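First the proteins, then the strands, lettered A, B, ... as listed; each starts at 1.
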Protein chains: 4
Amino acid sequence: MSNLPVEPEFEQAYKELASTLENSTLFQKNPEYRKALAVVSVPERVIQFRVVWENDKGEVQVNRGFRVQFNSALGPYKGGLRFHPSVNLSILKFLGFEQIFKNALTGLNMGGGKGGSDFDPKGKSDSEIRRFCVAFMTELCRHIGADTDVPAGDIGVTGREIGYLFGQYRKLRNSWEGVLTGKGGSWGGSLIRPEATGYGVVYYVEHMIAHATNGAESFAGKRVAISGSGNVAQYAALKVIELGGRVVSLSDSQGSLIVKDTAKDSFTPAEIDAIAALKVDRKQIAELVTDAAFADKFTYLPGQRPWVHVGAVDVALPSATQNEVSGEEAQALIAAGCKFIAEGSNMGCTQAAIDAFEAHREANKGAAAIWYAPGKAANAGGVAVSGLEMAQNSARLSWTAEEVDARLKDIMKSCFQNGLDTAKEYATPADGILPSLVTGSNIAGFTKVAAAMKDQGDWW
Amino acid sequence: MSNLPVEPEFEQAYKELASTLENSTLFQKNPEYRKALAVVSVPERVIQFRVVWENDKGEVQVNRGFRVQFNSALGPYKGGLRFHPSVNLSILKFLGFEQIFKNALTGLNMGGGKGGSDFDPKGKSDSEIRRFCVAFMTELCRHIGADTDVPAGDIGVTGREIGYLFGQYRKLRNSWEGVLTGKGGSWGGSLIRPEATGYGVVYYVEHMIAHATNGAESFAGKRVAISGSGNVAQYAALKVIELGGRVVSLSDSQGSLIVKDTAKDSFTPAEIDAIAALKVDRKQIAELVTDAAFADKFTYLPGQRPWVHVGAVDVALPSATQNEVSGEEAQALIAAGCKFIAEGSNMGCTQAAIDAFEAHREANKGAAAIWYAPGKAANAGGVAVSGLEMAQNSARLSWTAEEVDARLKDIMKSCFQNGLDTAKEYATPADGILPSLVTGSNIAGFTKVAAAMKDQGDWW
Amino acid sequence: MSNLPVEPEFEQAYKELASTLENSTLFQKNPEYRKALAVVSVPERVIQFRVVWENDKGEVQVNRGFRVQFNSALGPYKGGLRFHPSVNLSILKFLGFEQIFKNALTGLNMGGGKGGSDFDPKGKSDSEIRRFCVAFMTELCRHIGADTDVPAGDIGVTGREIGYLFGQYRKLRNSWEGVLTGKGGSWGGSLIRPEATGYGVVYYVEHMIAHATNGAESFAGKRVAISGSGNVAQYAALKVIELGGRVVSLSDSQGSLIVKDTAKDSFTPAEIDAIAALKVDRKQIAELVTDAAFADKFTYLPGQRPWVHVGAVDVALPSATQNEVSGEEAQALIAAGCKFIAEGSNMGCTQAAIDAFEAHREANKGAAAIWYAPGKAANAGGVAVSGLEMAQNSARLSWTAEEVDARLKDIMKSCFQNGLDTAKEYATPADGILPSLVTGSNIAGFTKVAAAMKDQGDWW
Amino acid sequence: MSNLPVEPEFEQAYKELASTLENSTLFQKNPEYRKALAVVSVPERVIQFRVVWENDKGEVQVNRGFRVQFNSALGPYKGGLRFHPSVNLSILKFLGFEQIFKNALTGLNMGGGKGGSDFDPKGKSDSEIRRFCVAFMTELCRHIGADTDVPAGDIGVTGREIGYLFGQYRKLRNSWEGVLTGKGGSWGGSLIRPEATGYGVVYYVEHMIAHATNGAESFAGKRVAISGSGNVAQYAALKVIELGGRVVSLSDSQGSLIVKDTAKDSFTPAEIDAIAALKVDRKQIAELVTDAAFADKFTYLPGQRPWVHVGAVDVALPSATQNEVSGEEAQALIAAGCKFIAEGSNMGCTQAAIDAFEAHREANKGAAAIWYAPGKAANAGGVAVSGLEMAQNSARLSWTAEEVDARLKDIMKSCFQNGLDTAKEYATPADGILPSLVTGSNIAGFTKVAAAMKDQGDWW
Ligand SMILES: Nc1ncnc2c1ncn2[C@@H]1O[C@H](COP(=O)(O)OP(=O)(O)OC[C@H]2O[C@@H](O)[C@H](O)[C@@H]2O)[C@@H](O)[C@H]1OP(=O)(O)O
Ligand SMILES: Nc1ncnc2c1ncn2[C@@H]1O[C@H](COP(=O)(O)OP(=O)(O)OC[C@H]2O[C@@H](O)[C@H](O)[C@@H]2O)[C@@H](O)[C@H]1OP(=O)(O)O
Ligand SMILES: Nc1ncnc2c1ncn2[C@@H]1O[C@H](COP(=O)(O)OP(=O)(O)OC[C@H]2O[C@@H](O)[C@H](O)[C@@H]2O)[C@@H](O)[C@H]1OP(=O)(O)O
Ligand SMILES: Nc1ncnc2c1ncn2[C@@H]1O[C@H](COP(=O)(O)OP(=O)(O)OC[C@H]2O[C@@H](O)[C@H](O)[C@@H]2O)[C@@H](O)[C@H]1OP(=O)(O)O
């Protein structure tokens, strides 16, 4: 197959999944699942399209649009849209492939997809973003729908963009339906959806801590290093603070902002809100680092990730982008006494990082190990609450915050227990060793999908 | 109308419904309902289509496909698919006609339909069945949909076939929706659906026994003769056993299997499971009769139905196919002390059988009479649970087994009460005589449809 | 296959076609065509539907509607609609099947179909026909279209009904297209379409006469017995007359009208016009009995067909309905010196008639033989000109009468030549024996369809 | 833009086009066409999809499907399907991009597209090819249509595959329309379409010879080296022979077959027909090279292209695949006295080859130069006759071979004159130098498209 193009991010995600499936008894019990893997890893459909749009000077601009409709055995295609200058097919295929198995772990009927554009929101006006969204949806519209494919946000796609997108879909298709999630509260949105992805990461990690320490420890007083400062990072940070943990770092594409006293100090909700308001306006953390409220409390490090700069730390939540924890950063976190690392970002750890965490787990009993959880497990609360938003739209009713948050909590608990239990069944660790959450989540997500595909005649 | 073709099964079903309407005060109170009967008896739509498919030898095969969309006043068309070499339009019209009034009895918004093919699954490989299902759905897809017509299983169509059909519908229409019921648990199925049809028959007969005996008797200690060994028979048998009854017979298309000691012995759940496994693989009961688990406990009667061979018996549940209880067999059951017979199978009793049971009811007070219930009442739990699978799919959530089962029980109790009360109203029996469940069920289903049709301007 | 219903008309048409293929070298050269025969003989799609409509007294009325979409390898389904109380699936299948092969002989891309209803236009008012057509098209519209299936008239369906049908399609679908043919001149009709079917029968027979006599005789001076008095009969009669022939009979469903002097007299165009006016009004030829201008010239025979009553005749054009020339009538025509018989009506001759004509052909050298042509050859001029109507509508232009007629003539000549040549090739007659136009037409049409089906993967 | 994947074939085609536009006065006259170039070079739409299909052993197989819908300003998307193991997005984008401008040069309303799969027909049975085509069209169907996108053949896609494709489209969409071209003669094909692509190459070269030699020379007695042995090569070879030229070579993916006497000998039509019959059966030229009819007349060279092996030659027609004339092969052809080289294959010459030809042209007056014509000009007769097939299907009529061939001839003449004249206007050569057909064809195709795009608001 030397005709196939090289897609490094997709191949990375595929290879890690495949390796975890091989390092188990799955293919001894079900060798025919190798056929399922070969089939599932070729997307059902991909749409690529030109997006021509007008800037504020009246000039023609051209960007590339995509929607990867990876798998639909379990439900309509489901997953976000990414507007970022790196975007290409390789990146969206990694994301879409991940999404299949992430969605499977929620328990809801959602197939996997992802899309977006190489349009860069940075440096654009709201008007330019509006015109781009209008043009983007003009083509995307014909390929999506409440029972076909339901997008949502991701990097570069917030409730603002989902609004422009929805309005254009409505205008084109003359239908008001759950074609997108992450919608506004008066026009079919769900309470808790803004909070859901980062809340879920934290909810998942609570279970990891409970399990590893037999209930002795929690987030109370733990030091948590977070990266990113967007939707996932913001609400992860807020949930950590609400549970009495201390957030010692955030970051953006230009640098890291770290409390000067990492043993005892934390970001506050007010500080997070200030950062969030910069981010609505597509500005950098660097802008506020000399204000009174920040200069004395924090150190800003241009060009650096937080991991080697936070001193001793208990929990790490990479929450920005793929491949943002290197192997060396992983070794630093281990040496700093970090015991829990969960991907808020999809494929947030490099392979070298994962290997370092999983070798540590295998070498250190119980609470002495660093325990690594993959994004398909930890990030799944976002998509789950999107599924609940679809359910609300279908019912034509709106649920309470308490009702949605309660379901979110149950879904994350189930997702942890499924990964744990599946790893115990198929990749039983040595006595006193924590089961691999990455292996278990991968096997659990995959076998659900492979079996539904078999039932539906996708492979035989 | 000598241009119309002779359609024996349909005419039989029509004539028995009509006769029961005539033998009542319905047409005295609402003589205009004769117009309704003339309209409702001509199907809204029927689609017939060639199905070309490839066998394992690479050879072209041809079969006939059908979908009868009989009536949609009360909801989208709803009803199963039959793959059996007998299939023709006459058979499918009888079935779809029955389905109108059966569905009306559930309380849910489901119109009447039925479809299938003369493709015979016996002697075919799973691969052959998969190719057949793919080709069948390639044409059927354009006629069905979650809000238009929702098929499901019946003779020769199980969850396996539903899977292949669903998978092809999704590939063709690029939509994941509740277009079929009987789906798999991970891809939109309902708990209790496998059990529902047989469980419902037995739930219905519980109310019959309770009423006729003023609560003195139940299924506990009763001897129950069942025919068939498929989905409806298997779970009717299992529920009888759970309730403390003894199942003395099952049968298939080649013979009956009867316990040697029909006074005291019963099939067990493990024996039912073994027969069920054979039926998944499309093999016959005959294969077992050698196994010492069976040879000493049971007698195999090839070419024979169970009714004359079970000795004294208390309940009969024909659960195979139409016209499987003859007049002679009805007299034998009456002579054998049988006091309850409900159709698990559609039109299970011949007209001569029904006429014997109803004459017996009219001549024998109370618990002395054999009480006959028609399939549109007793078999309604299966389609009812499919309406609930549709409800679950529309809500994008999955209910518990207890929730589905509780609803099933309530639906069967209401169906029984409606038939009873409607017979008391329109065909009031002599003092001490059990009301006619067949007349009552017929009137109750028919009036509901007729009135909805009038409201909707289908007749005036 | 004893599940299949008995369909006598269909079985008759299928058996005659099959017998002529077997009585030839076709299956020695292409034995694999037996598979094509088995596949082609099962219709691709059949739609049947209830038609509820209101009569002039405000009363609900119910009829049955049908559209048989038999084969589409060569083009969109094409063929007429019949409104006649005899209508059922058997009859419309015989018609649609024949249409496949008729259409194949035109050289145009037209697949085979036929439809209609058991609605009887006799005794109905024009308002009732309007209402019926409205209701009929309300369901038929979703199954038809300019590139899908293009109906037209037949028994009981004239330009009047085509108008009501077209208007309703336009109102429902909001499209103006060539969905029907036989349309009116100002709204997409074609010149020569009214005349085409009956003209084409006569044009076809001119070639048979030319061939039988090397051009020395023609219709000039010939005595021609016609049956029926509708669209086909009227224009066949008029063309005969134009060519210098004498039409000695016409007939309707109640009896025959025969010139008293069949050796020398003829219907005139004015007489045919008076008959045509009766038929527009759904009245019978029997009325003409009270008119001395008719009674002086003609004999009216209630309950009789013309064939045994015309004395010596040269050509017979059955032009009413199927199976209107019996074996005994065939023998009488032979004994009366008839040398040409062509079906204006589909399956106009009974099988006993066909066998008599074909035995005579085989036994009598040259112009001593009676020469029989089947409907699929001789009636093909109507559908041909409909294909030209479709061509005009797609062009968005209207052709002259001379242009259409010229094309019609070329089509009929090519049709005749194809049957003659294909018989010489596959069923070569003895020296001096006329080739079988029924065998040749059947092979020619069948091979064209079977080969196109093979190319398209309908069989292999 | 380092996010964009490397697509070598697409970049090669783009860069050559762009370079010819820069090496002219086009962007002095119309500098705003630079914006047009940036827009046009991003495809309007691309669809990629998984194709699962079954082999003759009943095994699941997976291939990748594509349709590049590049530009539609001038018409529906139009262009072939390639089934070859090299296929990927890069290759189909080169082809699709080329197609835009090729189609523009025909004068017909056809936008540019191309598609296909990495399915390899070699080693497959006809049945496997049938099943693959069925699966491929099952997804492709929803993206194409007679007024949206009309595919056809290319490498690995002949009339056989177009048949399976069409039959499945018809079955899915229930429409008979010009959704594909290269169809069979009885089911909407065009006479001359099989011959068109290679005939057109030769017709184009006739004009080149006429022009360069002021009418003194023709193909009569010229020695013509051809590569490939499929549809393009076969009919190019036949037209050369018909015009009295001598075909000294053909080739396939395994080797070249060259006459031993290249000064005086030639392939014959009979020999070409034998090669064509091998190629229908997916066999190699190597199979016949030792038969009596070939061993003595020809030399077979495994692993070699013909160019350096034919001795002195007058005309070269690469007719197999992209990049099949290297720079060294080009220098050899020049040294062998070759004066005309036209691409039957898309992008058949490497860049080094083109540069060698165009430097020779610029260095040598008139008939002393090797004159190079690009595939978008020389190969355009294939697509042109496809456009005529669309026109016939739209008209619902079939044209004569003479009528189609006459239009083909006029289109190729116009295409040569447009390239010639446009090169004279925008890239005027020095006195006595032949104008660049590659530059002129590129500018002519591009400006037509860019201006239609501007008119339609695609750029401004
Ligand atoms: N290539 C990159 N290199 C370094 N940092 C990156 C890169 N791309 C993004 N980020 C940061 O991550 C944050 C992204 O925030 P949002 O755009 O609001 O995205 P969201 O929070 O929804 O998603 C973050 C992660 O969570 C997953 O759901 C998603 O696929 C992704 O892996 C920002 O602080 C964003 O930085 P900034 O605020 O734009 O400077
Ligand atoms: N013509 C016939 N004569 C005698 N027995 C028949 C005939 N057709 C079928 N059966 C039997 O009935 C049973 C059918 O099982 P299933 O295919 O699983 O169908 P299901 O249990 O869903 O339906 C049974 C009846 O319950 C209704 O729902 C349905 O329309 C039908 O009247 C099998 O034991 C089946 O026999 P076998 O398992 O295929 O040998
Ligand atoms: N079952 C029958 N027995 C005897 N005669 C019949 C029967 N059914 C119909 N006819 C007559 O045939 C003639 C039918 O005329 P149209 O309704 O105008 O039909 P058209 O002339 O288009 O068709 C005649 C034949 O030519 C074929 O195109 C078509 O399928 C049929 O086999 C009328 O004189 C009509 O008689 P009347 O005008 O309805 O009494
Ligand atoms: N990668 C390759 N390397 C060397 N030779 C190649 C390669 N791929 C193809 N060919 C040859 O070219 C010929 C292709 O014939 P057809 O499949 O019938 O394609 P067609 O003649 O329609 O197209 C030839 C050229 O003309 C253009 O229309 C088209 O895009 C392509 O550039 C065969 O002799 C084919 O070889 P073979 O008959 O399969 O061994």
Side-chain angles (χ1 to χ4, degrees), chain C residues 80 82 84 86 94-95 98-99 102 152-158 182 193-206 208 219 222-243 245-259 266-267 269 271-273 275-276 278-280 284-285 301 304-310 313-326 329-330 333 338 340-350 353-354 357 372-385 408 412 415:
Chain C
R82 180 171 288 190
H84 188 277
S86 66
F94 116 64
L95 289 157
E98 276 288 310
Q99 212 59 210
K102 184 195 305 185
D154 200 85
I155 297 180
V157 176
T158 76
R193 186 65 191 90
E195 294 84 0
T197 313
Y199 279 12
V201 171
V202 180
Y203 293 152
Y204 189 97
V205 182
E206 287 188 95
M208 298 171 65
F219 271 97
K222 280 197 175 51
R223 292 161 300 185
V224 185
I226 300 182
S227 65
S229 39
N231 176 257
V232 176
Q234 286 166 20
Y235 292 103
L238 289 168
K239 186 58 72 178
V240 172
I241 295 163
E242 184 191 352
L243 298 169
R246 301 192 294 275
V247 177
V248 302
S249 66
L250 292 170
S251 70
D252 72 8
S253 53
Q254 285 177 25
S256 291
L257 191 67
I258 300 179
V259 302
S266 181
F267 284 81
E271 293 155 349
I272 290 160
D273 295 347
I275 287 165
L278 295 168
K279 293 291 160 185
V280 163
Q284 310 299 153
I285 281 168
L301 309 184
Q304 291 297 302
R305 301 167 176 167
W307 315 123
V308 309
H309 301 291
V310 288
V313 77
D314 303 309
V315 177
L317 306 179
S319 304
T321 192
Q322 58 274 7
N323 289 318
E324 66 166 314
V325 185
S326 69
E329 288 150 6
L333 288 168
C338 189
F340 306 91
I341 176 159
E343 291 176 0
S345 46
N346 289 291
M347 197 166 67
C349 294
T350 64
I354 295 169
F357 301 142
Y372 162 73
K376 73 173 60 57
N379 179 268
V383 72
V385 174
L408 169 56
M412 302 312 301
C415 179

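- Applying the side-chain hydrogen bond (donor to acceptor under 3.5 Å, both in side chains) test to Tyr204(C) and every residue at least two apart in sequence or in another chain returns nothing.
- Put simply, CE on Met347(C) and CG on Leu95(C) are 7.5 Å apart, with the number rounded to the nearest 0.5 Å.
- A donor-acceptor pair is defined here as one N or O able to donate and one able to accept, closer than 3.5 Å; no such pair exists between the side chain of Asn379(C) and the backbone of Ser345(C).
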Yes or no on side-chain contact (heavy atoms from CB on, under 4.5 Å) for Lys102(C) and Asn346(C), after CA distance, side-chain angles and deciding distance?
CA-CA 10 Å; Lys102(C) 184 195 305 185; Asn346(C) 289 291; 2.8 Å; yes
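- The line from CH2 of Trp307(C) to CD1 of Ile258(C) is 9.5 Å long, rounded to the nearest 0.5 Å.
- Taking CD from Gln322(C) and OG from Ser86(C), the interatomic distance works out to 6.0 Å, rounded to the nearest 0.5 Å.
- Counting all heavy atoms, side chain and backbone alike, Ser227(C) lies closest to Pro318(C) at OG-CA, 3.2 Å.
- Here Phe94(C) pairs with nothing under the ring pair (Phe, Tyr, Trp, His ring centres under 6.0 Å) rule; sequence neighbours left out.
- The CD1 atom of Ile341(C) sits 9.5 Å away from the CD atom of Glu329(C) when rounded to the nearest 0.5 Å.
- Between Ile354(C) atom CD1 and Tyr372(C) atom OH the span is 3.5 Å, to the nearest 0.5 Å.
- Across every non-hydrogen atom of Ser229(C) and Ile275(C), the tightest pair is CB-CG2, 3.8 Å.
- Considering every non-hydrogen atom in both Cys338(C) and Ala316(C), the closest pair reads SG-N, 3.7 Å.
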Verdict with reasoning, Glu206(C) to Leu243(C), per side-chain contact (heavy atoms from CB on, under 4.5 Å)
CA-CA 10 Å; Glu206(C) 287 188 95; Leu243(C) 298 169; 3.7 Å; yes
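- Side-chain atoms of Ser256(C) come within 3.5 Å of backbone atoms of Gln304(C) as a donor-acceptor pair (strictly under, hydrogens ignored).
- Taking each heavy atom of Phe219(C) and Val240(C) in turn, the nearest pair found is CE2-CG2, 4.1 Å.
- Between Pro269(C) and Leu238(C) the shortest side-chain heavy-atom distance falls below 4.5 Å.
- Side-chain atoms of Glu343(C) come within 3.5 Å of backbone atoms of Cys349(C) as a donor-acceptor pair (strictly under, hydrogens ignored).
- For the pair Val247(C)/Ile272(C), no side-chain contact is recorded, criterion being any heavy-atom separation below 4.5 Å from C-beta on.
- A distance of 10.5 Å separates CD in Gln99(C) from NZ in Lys376(C), rounded to the nearest 0.5 Å.
- In terms of heavy-atom proximity, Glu324(C) sits nearest to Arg305(C) at O-CD, 3.2 Å.
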Which pairs of donor and acceptor atoms, one on a side chain in residues 194-202 of chain C, lie under 3.5 Å apart (sequence neighbours left out)?
residue	atom	partner	partner atom	Å
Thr197(C)	OG1	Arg193(C)	NH1	3.2

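- Panel note: side chain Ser249(C), backbone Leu257(C); no donor-acceptor pair is recorded below 3.5 Å.
- Shortest non-hydrogen contact noted between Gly255(C) and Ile285(C) is O-CD1, 4.4 Å.
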Start with the C-alpha gap between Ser253(C) and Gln284(C), add the side-chain angles, then the distance that decides, and say whether side-chain contact (heavy atoms from CB on, under 4.5 Å) holds.
CA-CA 8 Å; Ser253(C) 53; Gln284(C) 310 299 153; 3.6 Å; yes
